[PDB]
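> Provided herewith is a single structure, encoded as structure tokens, for subsequent inquiry.
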Amino acid sequence: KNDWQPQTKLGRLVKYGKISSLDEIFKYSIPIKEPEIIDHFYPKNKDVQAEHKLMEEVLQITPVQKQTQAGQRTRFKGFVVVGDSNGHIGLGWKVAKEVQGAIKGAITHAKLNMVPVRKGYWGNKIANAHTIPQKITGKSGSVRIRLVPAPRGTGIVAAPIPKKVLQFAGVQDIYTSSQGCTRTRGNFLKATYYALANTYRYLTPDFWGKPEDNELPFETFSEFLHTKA
Amino acid sequence: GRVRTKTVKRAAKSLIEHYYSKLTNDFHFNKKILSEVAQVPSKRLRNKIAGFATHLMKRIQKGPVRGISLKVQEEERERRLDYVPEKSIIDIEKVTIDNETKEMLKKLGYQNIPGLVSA
RNA sequence: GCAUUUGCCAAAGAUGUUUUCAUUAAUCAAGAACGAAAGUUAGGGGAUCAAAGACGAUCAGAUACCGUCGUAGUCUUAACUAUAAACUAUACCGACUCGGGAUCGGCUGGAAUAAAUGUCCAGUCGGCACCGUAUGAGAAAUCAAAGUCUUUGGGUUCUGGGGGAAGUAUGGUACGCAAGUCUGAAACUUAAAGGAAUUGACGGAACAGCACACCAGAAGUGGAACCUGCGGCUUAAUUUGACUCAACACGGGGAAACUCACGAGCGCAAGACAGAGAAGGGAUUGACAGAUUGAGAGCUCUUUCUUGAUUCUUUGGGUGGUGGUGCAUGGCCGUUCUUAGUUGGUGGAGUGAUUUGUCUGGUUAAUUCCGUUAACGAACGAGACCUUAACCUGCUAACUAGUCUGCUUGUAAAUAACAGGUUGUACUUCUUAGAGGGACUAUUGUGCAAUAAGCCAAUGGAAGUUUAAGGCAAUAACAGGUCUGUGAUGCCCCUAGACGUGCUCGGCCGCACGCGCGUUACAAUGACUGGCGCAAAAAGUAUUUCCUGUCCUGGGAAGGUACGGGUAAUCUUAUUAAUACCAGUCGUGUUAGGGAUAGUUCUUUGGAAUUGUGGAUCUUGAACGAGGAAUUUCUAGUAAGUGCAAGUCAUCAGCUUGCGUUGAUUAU
RNA sequence: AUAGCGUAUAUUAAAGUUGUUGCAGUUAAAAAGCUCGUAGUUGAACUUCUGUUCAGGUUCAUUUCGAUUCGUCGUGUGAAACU
Ligand SMILES: [Mg+2]
Ligand SMILES: [Mg+2]
Ligand SMILES: [Mg+2]
Ligand SMILES: [Mg+2]
Ligand SMILES: [Mg+2]
Ligand SMILES: [Mg+2]
Ligand SMILES: [Mg+2]
Ligand SMILES: [Mg+2]
Ligand SMILES: [Mg+2]
Ligand SMILES: [Mg+2]
Ligand SMILES: [Mg+2]
Ligand SMILES: [Mg+2]
Ligand SMILES: [Mg+2]
Ligand SMILES: [Mg+2]
Ligand SMILES: [Mg+2]
Ligand SMILES: [Mg+2]
Ligand SMILES: [Mg+2]
Ligand SMILES: [Mg+2]
Ligand SMILES: [Mg+2]
Ligand SMILES: [Mg+2]
Ligand SMILES: [Mg+2]
Ligand SMILES: [Mg+2]
Ligand SMILES: [Mg+2]
Ligand SMILES: [Mg+2]
Ligand SMILES: [Mg+2]
Ligand SMILES: [Mg+2]
Ligand SMILES: [Mg+2]
Ligand SMILES: [Mg+2]
């Protein structure tokens, strides 16, 4: 059973090669619950040179304890980052009693959590947006992270963890600032992620004009969906 | 201790669900019906299922039953429930308005629409 | 901090202003006014309580909680003192960000009446709050501020910078009569101390389940003799494991030898395999006979004759070990517990550990179901499953079951009755036991259930307590038990007068006592003497050995071996049990109740019975007159009584595991 | 790491753990028991707004164009904030 049968309307729309690009899903803000939709846009034919290669990384694995009916019952938590270096990043975490299990479930989670980082210009606008449009802030638990845009080739100035996240996002050049208890790795990761996410939340002056008015994919593709397969 | 279990009630639901047109108030009929219709590994089991399903036939004869949705019988029951007289209650040409309703109609200006009787 | 009436004195907010002034304001080192209680000084006052104190009680000790007293205090004038968890632990002035009723004080309209210092309604200003809610905040608890904070700046005082040291030392032309207040260190030492919240565990908190836990009862143990385990105590040795359920008639643990580990005294090697030496001109084995010994153990000693590498001496080293270690371990097994519990996926909630699911409530033996439902569906466990028991005058058949039919035989007047023997293209009620039925809580119920799960009753039914009684037993544990069940083992120990393998005699059974299972009784619902065609379930011969049927002998337990059957639905046997019943004796007293303990005889199993293996006959006849504090198990063919088998086993049941017979009281 | 490399001590970043930028003070250390108040710090709104015309650049845009060239220049025209 290596063939994917979509349980989501969006899932159908994706598998059958109807919705064009991933970012489009992001645009119409269609919830992705199915961790297939994502592997779709990232083909496993394995051409080594694409920067659109989708990357997975285990970050954390934690032995979590419970006190239950006189026993001490351990599970594992894990954190996972997924990203193509080009614009797209997700973070996920899962608890399970078997390690490789926690890992798989967390990969799946992270995929469901995919988010569109926005890339801006520091100084004069020439070629590759190497950084963020504004300064922004992640907040998780106690922790805070501030992302400030840096000039060309500054590189990522940031702790090992948020650095890893940012590299997955494909921010080349950045300045970091962190508050809170940062050694809480899940909160640090979370913060960096949410921060990276807020890039598109910020209304910058270039976003000021009237947007395009389009119909949702579902309204256009309504005919397709109501055929019975 | 005669409380009946999960397996049995799921079973009975299913058996009625698909077969209601075939089923009788008689246990001895329904048990044979079940036997033909299904794979039941035990005599005892089948009989428990048949008994409960019979019980539920009787409960269905009386009215609506939670957990079982017989769409055919429910649509028949729905057509049953409609009865319409020719006059309705709703008379467009004669309608009665409170004092306060009248005040709001004054506000909109509709106080004088044809066929409006104040009370 | 302020709560009785009235009068007086000055003061205050809010509201109401088409009044006046016109920045006069905000906050605040100096400096000042207050400031609970307790305490201090000088007078008063003194009823209540009441530090100190005096006593009672409690307690191991109480200089405490409790009780009887009682001083200072408590109250009051003048004065000091300045401190509290002086608490919203939350600085003041100012903006701005949600919703909703209500409340206290003004005012503004409106409405009703019994027409007012009263009601109601709608506004609004100011107070004290509350209830929702935040796509605001926070580590959270929580917060309409604790919001408008890395998108960080409205104004202003104060305070903090890990924990202790320590509010200590010291200095105060700072205070105080004093107590003390205010100011206030460092050395030194230390990795944590600390905050919220989660899950457990626990509670001398609240609530709710369930179980013979208790309730209504019964049989009783605990009291007695004896039996059999533990512990003590003797012992050469009294082998040993196992101590609350979850050790202690448990280790199949009923031991005369054996078993067997303990004890005393003796014998063997089954010390392989390798290296060195020795050996064929001899390694080594054996053994008459005399001593010797418990012993025809050639064990030893004298005595030589055999025997012919099966190897001997060392040096290494393996076999073997009921020797240690269950806290090195496997396996198995107890126990929580047969209780009803335990998970995960996808959705919901938390930054998170985690949570919901898995629940208020009914209902069930059951997280069994119904229903509630941010949860939806599922898995394990329970159920189902499986075994035994209960129903079939219907099926399939039976000489290794029975019935009938027809013949006969005996006793009899016998197509009577009761018994045998035969019989058949016979038959299935009884008996085997295969197939298939059957029960599902069925039918009914203006019975209780919020009409849902379910419970209840009556009827039918072989069967309606989950039909009954069982087997199986999740997740997790408990360093539970087991090296002594294992040729499952790690590690440790013993290795030739061995902790190896044998033989002989003891020992585990030894008795002032303590503690457990139990058998038997204390009698009249009884004991004893007769009579009486009532069971079930188990077993059974490697041929004489195993069940045993006739028969004979003996007064008896038991012996013959005379005739026989059975490896068994055929034979023991479809019997042989005992309570029970019917007669008769005995007559409420240590009586024949009760028989412990003893002495002769006889028999049986075993080489061996002494330290009585069991059984038989005469004697002998104890405690015990219904059991203190305590406490066990148990709801129907059930308890209780009553015998029978099987395991053990040559012999030995007061034990165990089962089997029926007679059959309850009381709950449900 | 490397002809260098350990160690001790003061000091710098790490430290938004001294904080003007920039911290905390309901419960983690932290709002003074409470008012008055001088120094100090802090302070409501109003006054030549505005419009019209000229020029100079400086920027901007580009359906104005041009010239040449590897990009500046000239020019439009309007559009700005200026001066
Ligand atoms: Mg930091
Ligand atoms: Mg005085
Ligand atoms: Mg005393
Ligand atoms: Mg007194
Ligand atoms: Mg009025
Ligand atoms: Mg804060
Ligand atoms: Mg939040
Ligand atoms: Mg609130
Ligand atoms: Mg600030
Ligand atoms: Mg013994
Ligand atoms: Mg060995
Ligand atoms: Mg031995
Ligand atoms: Mg889950
Ligand atoms: Mg989840
Ligand atoms: Mg979440
Ligand atoms: Mg729970
Ligand atoms: Mg319940
Ligand atoms: Mg469910
Ligand atoms: Mg059962
Ligand atoms: Mg132990
Ligand atoms: Mg004989
Ligand atoms: Mg017999
Ligand atoms: Mg004798
Ligand atoms: Mg005797
Ligand atoms: Mg025997
Ligand atoms: Mg025994
Ligand atoms: Mg504290
Ligand atoms: Mg000004």
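Residue numbers start at 1 in each chain; chains themselves are named A, B, ... in the order of the structure tokens; ligands are numbered from 1 in the order shown.
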Quick one: everything within 8 Å of region 215-222 of chain A, counting only C-alpha atoms (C1' of nucleotides), minus sequence neighbours fewer than 2 positions away in the same chain. Send it as a ChimeraX atom specification.

/A:19,28,213,224-226

> Could you give me the residues within 12 Å of ligand 3, counting only C-alpha atoms (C1' of nucleotides) and all ligand atoms, as a VMD selection string?

chain C and resid 57 to 61

> Can you list, as a ChimeraX atom specification, all residues belonging to chain B that DSSP tags as alpha helix (DSSP H)?

/B:6-19,27-37,43-62,71-81,99-108

> Let me see if you get this right: every residue at most 12 Å from ligand 22, counting only C-alpha atoms (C1' of nucleotides) and all ligand atoms, written as a PDB file with N, CA and C atoms (P, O5', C5', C4', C3', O3' and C1' of nucleotides), in the first residue's frame.


ATOM      1  P     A C 537     -20.339 -42.488  37.996  1.00  0.00           P
ATOM      2  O5'   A C 537     -18.827 -42.179  38.372  1.00  0.00           O
ATOM      3  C5'   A C 537     -18.371 -40.844  38.511  1.00  0.00           C
ATOM      4  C4'   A C 537     -17.075 -40.784  39.277  1.00  0.00           C
ATOM      5  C3'   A C 537     -15.920 -41.567  38.686  1.00  0.00           C
ATOM      6  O3'   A C 537     -15.265 -40.881  37.640  1.00  0.00           O
ATOM      7  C1'   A C 537     -16.084 -42.049  40.985  1.00  0.00           C
ATOM      8  P     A C 538     -14.369 -41.701  36.593  1.00  0.00           P
ATOM      9  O5'   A C 538     -12.883 -41.496  37.118  1.00  0.00           O
ATOM     10  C5'   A C 538     -11.964 -42.572  37.161  1.00  0.00           C
ATOM     11  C4'   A C 538     -11.281 -42.630  38.498  1.00  0.00           C
ATOM     12  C3'   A C 538     -10.283 -43.766  38.693  1.00  0.00           C
ATOM     13  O3'   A C 538      -8.996 -43.449  38.218  1.00  0.00           O
ATOM     14  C1'   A C 538     -11.822 -43.788  40.456  1.00  0.00           C
ATOM     15  P     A C 539      -8.690 -43.562  36.653  1.00  0.00           P
ATOM     16  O5'   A C 539      -7.463 -44.560  36.584  1.00  0.00           O
ATOM     17  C5'   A C 539      -7.652 -45.939  36.776  1.00  0.00           C
ATOM     18  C4'   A C 539      -6.974 -46.408  38.031  1.00  0.00           C
ATOM     19  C3'   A C 539      -6.423 -47.824  37.917  1.00  0.00           C
ATOM     20  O3'   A C 539      -5.057 -47.793  37.578  1.00  0.00           O
ATOM     21  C1'   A C 539      -7.991 -47.736  39.671  1.00  0.00           C
ATOM     22  P     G C 540      -4.595 -48.214  36.110  1.00  0.00           P
ATOM     23  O5'   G C 540      -4.148 -49.720  36.321  1.00  0.00           O
ATOM     24  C5'   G C 540      -3.701 -50.141  37.599  1.00  0.00           C
ATOM     25  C4'   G C 540      -4.001 -51.594  37.815  1.00  0.00           C
ATOM     26  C3'   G C 540      -3.950 -52.442  36.557  1.00  0.00           C
ATOM     27  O3'   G C 540      -2.622 -52.823  36.241  1.00  0.00           O
ATOM     28  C1'   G C 540      -5.913 -52.945  37.804  1.00  0.00           C
ATOM     29  P     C C 547      -2.981 -55.129  43.992  1.00  0.00           P
ATOM     30  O5'   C C 547      -4.514 -54.823  44.268  1.00  0.00           O
ATOM     31  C5'   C C 547      -5.500 -55.706  43.779  1.00  0.00           C
ATOM     32  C4'   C C 547      -6.441 -55.048  42.804  1.00  0.00           C
ATOM     33  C3'   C C 547      -7.847 -55.630  42.844  1.00  0.00           C
ATOM     34  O3'   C C 547      -8.662 -55.000  43.819  1.00  0.00           O
ATOM     35  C1'   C C 547      -7.034 -55.780  40.647  1.00  0.00           C
ATOM     36  P     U C 548      -8.504 -55.452  45.355  1.00  0.00           P
ATOM     37  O5'   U C 548      -8.235 -57.026  45.237  1.00  0.00           O
ATOM     38  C5'   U C 548      -9.230 -57.992  45.558  1.00  0.00           C
ATOM     39  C4'   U C 548      -9.828 -58.646  44.329  1.00  0.00           C
ATOM     40  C3'   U C 548     -10.576 -59.942  44.576  1.00  0.00           C
ATOM     41  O3'   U C 548     -11.870 -59.743  45.114  1.00  0.00           O
ATOM     42  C1'   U C 548      -9.223 -60.150  42.634  1.00  0.00           C
ATOM     43  P     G C 549     -12.480 -60.815  46.141  1.00  0.00           P
ATOM     44  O5'   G C 549     -13.446 -61.701  45.236  1.00  0.00           O
ATOM     45  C5'   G C 549     -14.618 -61.143  44.661  1.00  0.00           C
ATOM     46  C4'   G C 549     -15.200 -62.049  43.604  1.00  0.00           C
ATOM     47  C3'   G C 549     -15.603 -63.438  44.072  1.00  0.00           C
ATOM     48  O3'   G C 549     -16.865 -63.468  44.702  1.00  0.00           O
ATOM     49  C1'   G C 549     -14.299 -63.643  42.135  1.00  0.00           C
ATOM     50  P     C C 571     -18.328 -59.842  32.683  1.00  0.00           P
ATOM     51  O5'   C C 571     -17.026 -60.004  33.583  1.00  0.00           O
ATOM     52  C5'   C C 571     -16.301 -61.222  33.576  1.00  0.00           C
ATOM     53  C4'   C C 571     -15.178 -61.229  34.584  1.00  0.00           C
ATOM     54  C3'   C C 571     -15.391 -60.455  35.875  1.00  0.00           C
ATOM     55  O3'   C C 571     -16.200 -61.122  36.827  1.00  0.00           O
ATOM     56  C1'   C C 571     -13.272 -59.936  35.017  1.00  0.00           C
ATOM     57  P     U C 572     -17.038 -60.269  37.908  1.00  0.00           P
ATOM     58  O5'   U C 572     -15.925 -59.629  38.849  1.00  0.00           O
ATOM     59  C5'   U C 572     -15.120 -60.447  39.684  1.00  0.00           C
ATOM     60  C4'   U C 572     -14.248 -59.616  40.586  1.00  0.00           C
ATOM     61  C3'   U C 572     -14.952 -58.514  41.358  1.00  0.00           C
ATOM     62  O3'   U C 572     -15.644 -58.985  42.498  1.00  0.00           O
ATOM     63  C1'   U C 572     -12.960 -57.667  40.402  1.00  0.00           C
ATOM     64  P     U C 573     -16.575 -57.988  43.347  1.00  0.00           P
ATOM     65  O5'   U C 573     -17.523 -57.308  42.263  1.00  0.00           O
ATOM     66  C5'   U C 573     -18.474 -58.070  41.527  1.00  0.00           C
ATOM     67  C4'   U C 573     -19.481 -57.180  40.846  1.00  0.00           C
ATOM     68  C3'   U C 573     -19.671 -57.431  39.357  1.00  0.00           C
ATOM     69  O3'   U C 573     -20.973 -56.983  38.995  1.00  0.00           O
ATOM     70  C1'   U C 573     -18.769 -55.277  39.675  1.00  0.00           C
ATOM     71  P     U C 575     -25.537 -54.109  40.739  1.00  0.00           P
ATOM     72  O5'   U C 575     -25.732 -53.364  42.136  1.00  0.00           O
ATOM     73  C5'   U C 575     -24.629 -53.151  43.016  1.00  0.00           C
ATOM     74  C4'   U C 575     -23.994 -54.468  43.388  1.00  0.00           C
ATOM     75  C3'   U C 575     -23.480 -54.567  44.815  1.00  0.00           C
ATOM     76  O3'   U C 575     -24.476 -55.185  45.656  1.00  0.00           O
ATOM     77  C1'   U C 575     -21.730 -55.140  43.215  1.00  0.00           C
ATOM     78  P     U C 576     -24.373 -56.590  46.439  1.00  0.00           P
ATOM     79  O5'   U C 576     -23.749 -56.199  47.860  1.00  0.00           O
ATOM     80  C5'   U C 576     -22.346 -56.253  48.116  1.00  0.00           C
ATOM     81  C4'   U C 576     -21.863 -55.031  48.864  1.00  0.00           C
ATOM     82  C3'   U C 576     -21.582 -53.797  47.989  1.00  0.00           C
ATOM     83  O3'   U C 576     -22.050 -52.528  48.486  1.00  0.00           O
ATOM     84  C1'   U C 576     -19.656 -54.376  49.253  1.00  0.00           C
ATOM     85  P     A C 577     -22.808 -52.268  49.881  1.00  0.00           P
ATOM     86  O5'   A C 577     -21.916 -51.169  50.599  1.00  0.00           O
ATOM     87  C5'   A C 577     -20.552 -51.416  50.889  1.00  0.00           C
ATOM     88  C4'   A C 577     -19.922 -50.219  51.546  1.00  0.00           C
ATOM     89  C3'   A C 577     -20.680 -49.663  52.739  1.00  0.00           C
ATOM     90  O3'   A C 577     -20.355 -50.352  53.931  1.00  0.00           O
ATOM     91  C1'   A C 577     -20.073 -47.896  51.277  1.00  0.00           C
ATOM     92  P     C C 644     -15.053 -46.206  54.110  1.00  0.00           P
ATOM     93  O5'   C C 644     -15.121 -46.047  52.527  1.00  0.00           O
ATOM     94  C5'   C C 644     -15.947 -46.893  51.743  1.00  0.00           C
ATOM     95  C4'   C C 644     -15.876 -46.516  50.289  1.00  0.00           C
ATOM     96  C3'   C C 644     -14.477 -46.288  49.746  1.00  0.00           C
ATOM     97  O3'   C C 644     -13.851 -47.498  49.368  1.00  0.00           O
ATOM     98  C1'   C C 644     -15.855 -44.477  49.133  1.00  0.00           C
ATOM     99  P     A C 645     -12.254 -47.646  49.434  1.00  0.00           P
ATOM    100  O5'   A C 645     -11.728 -46.823  48.173  1.00  0.00           O
ATOM    101  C5'   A C 645     -11.702 -47.397  46.874  1.00  0.00           C
ATOM    102  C4'   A C 645     -11.606 -46.327  45.819  1.00  0.00           C
ATOM    103  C3'   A C 645     -10.211 -45.823  45.501  1.00  0.00           C
ATOM    104  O3'   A C 645      -9.558 -46.643  44.547  1.00  0.00           O
ATOM    105  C1'   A C 645     -11.700 -43.990  45.793  1.00  0.00           C
ATOM    106  P     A C 646      -8.000 -46.999  44.694  1.00  0.00           P
ATOM    107  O5'   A C 646      -7.239 -45.769  44.019  1.00  0.00           O
ATOM    108  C5'   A C 646      -7.636 -45.249  42.754  1.00  0.00           C
ATOM    109  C4'   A C 646      -7.088 -43.860  42.532  1.00  0.00           C
ATOM    110  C3'   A C 646      -5.674 -43.622  43.035  1.00  0.00           C
ATOM    111  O3'   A C 646      -4.690 -44.045  42.105  1.00  0.00           O
ATOM    112  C1'   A C 646      -7.077 -41.882  43.794  1.00  0.00           C
TER     113        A C 646
END

> Fewer than 5 positions away in the same chain doesn't count, so skip those; otherwise give me all residues within 9 Å of residue 180 (chain A), counting only C-alpha atoms (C1' of nucleotides), as a PyMOL selection string.

chain A and resi 141-145

> Up to 6 Å from chain A, what residues of chain C turn up? Count only C-alpha atoms (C1' of nucleotides) and give them as a ChimeraX atom specification.

/C:199-200,351

> Define the interface residues of chain C facing chain B as those within 6 Å, counting only C-alpha atoms (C1' of nucleotides), and report them as a ChimeraX atom specification.

/C:364,440,466

> If we count only C-alpha atoms (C1' of nucleotides), what is near residue 16 (chain A) at a cut-off of 12 Å, once residues fewer than 3 positions away on the same chain are taken out, given as number ranges by chain?

A: 4-6, 9-13, 19-20, 37, 40, 221, 224-225, 229

> Could you report the residues within 12 Å of ligand 20, using only C-alpha atoms (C1' of nucleotides) and all ligand atoms, as a PyMOL selection string?

chain C and resi 242-243+326-327+478-482

> Could you give me, as a PyMOL selection string, the residues within 8 Å of region 245-251 of chain C, counting only C-alpha atoms (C1' of nucleotides) and dropping anything in the same chain fewer than 2 positions from it?

chain C and resi 228-230+241-243+253+334-335+480+516-517+655-656

> Set the distance at 9 Å and use only C-alpha atoms (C1' of nucleotides): which residues neighbour residue 28 (chain D) once local chain neighbours fewer than 3 positions away are removed? I'd like the list as a PDB file with N, CA and C atoms (P, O5', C5', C4', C3', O3' and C1' of nucleotides), in the first residue's frame.


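Here's the written file around_28.pdb:
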ATOM      1  P     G C 194      13.913  25.401  48.807  1.00  0.00           P
ATOM      2  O5'   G C 194      13.443  26.620  47.914  1.00  0.00           O
ATOM      3  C5'   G C 194      12.940  27.781  48.534  1.00  0.00           C
ATOM      4  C4'   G C 194      12.893  28.925  47.567  1.00  0.00           C
ATOM      5  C3'   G C 194      11.722  28.958  46.600  1.00  0.00           C
ATOM      6  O3'   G C 194      10.538  29.441  47.196  1.00  0.00           O
ATOM      7  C1'   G C 194      13.708  29.459  45.445  1.00  0.00           C
ATOM      8  P     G C 195       9.166  28.626  47.041  1.00  0.00           P
ATOM      9  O5'   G C 195       8.355  29.425  45.934  1.00  0.00           O
ATOM     10  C5'   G C 195       8.917  30.543  45.272  1.00  0.00           C
ATOM     11  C4'   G C 195       8.163  30.828  44.001  1.00  0.00           C
ATOM     12  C3'   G C 195       6.979  29.923  43.742  1.00  0.00           C
ATOM     13  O3'   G C 195       5.857  30.416  44.423  1.00  0.00           O
ATOM     14  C1'   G C 195       8.275  30.108  41.782  1.00  0.00           C
ATOM     15  P     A C 196       4.500  29.590  44.548  1.00  0.00           P
ATOM     16  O5'   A C 196       3.656  30.053  43.284  1.00  0.00           O
ATOM     17  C5'   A C 196       2.673  29.200  42.727  1.00  0.00           C
ATOM     18  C4'   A C 196       2.807  29.111  41.229  1.00  0.00           C
ATOM     19  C3'   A C 196       2.191  27.882  40.585  1.00  0.00           C
ATOM     20  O3'   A C 196       0.784  27.967  40.458  1.00  0.00           O
ATOM     21  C1'   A C 196       4.341  28.218  39.699  1.00  0.00           C
TER      22        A C 196
END
